[PDB]
């Protein structure tokens, strides 16, 4: 693991406005640990609220993500084979719904996805492109799933990702911190929410 600093990894990603905020799948099925798990997801959702309000106070473009399949499993995919309970994430299923504490407002965009990433076959890139977004704070679940996937795509799409370490949670803490490492060492700025805001 010394190879990372030798070969020049983990360089700081300087921060640049305009800012935006992406919250990825903080949805009833991911908050409640009976369905799609809880390690530090419950905690992450709640801390995120400060950011969200911070977002709305500064006039930040904000985007929320939801995994949504079609009711007749029309768009059932390779993903929903590997993790079968994702098919159950239908448009009206309470389980697919954003959690009351992060409920969307005003001109904030809600993106429906059938993949891990909030960019993949969505209009997220162009929405942020259009709004001239340079740096993008990310929050959500899962750290080792949709978050990271969404985070690497933010990067590739041309956005300076800033991962809120205390605003992403997983059902599993080991994966949680390894994916923070990967991301810290390769794909974005990685700091807690009070730090980000400042």
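Residue numbers count along the first chain shown, from 1.
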{"property": "62-70 versus 47-55 - greater average Cα B-factor per the deposited record", "result": "47-55"}
{"property": "82-90 versus 122-130 - greater average Cα B-factor per the deposited record", "result": "82-90"}
{"property": "Which of 136, 146, 152, 27 ranks first by CA B-factor in the deposited coordinates", "result": "27"}
{"property": "Residue 22 - which third its CA temperature factor falls in, relative to the rest of the chain", "result": "lowest"}
{"property": "Position of residue 114 among the chain's modelled residues by C-alpha B-factor, lowest, middle or highest third", "result": "middle"}
{"property": "Within-chain third of residue 140 by Cα B-factor, per the entry", "result": "lowest"}
{"property": "Chain third (lowest, middle, highest) by recorded CA B-factor, residue given as residue 35", "result": "highest"}
{"property": "Ranked against its chain, the third holding the CA B-factor of residue 168", "result": "lowest"}
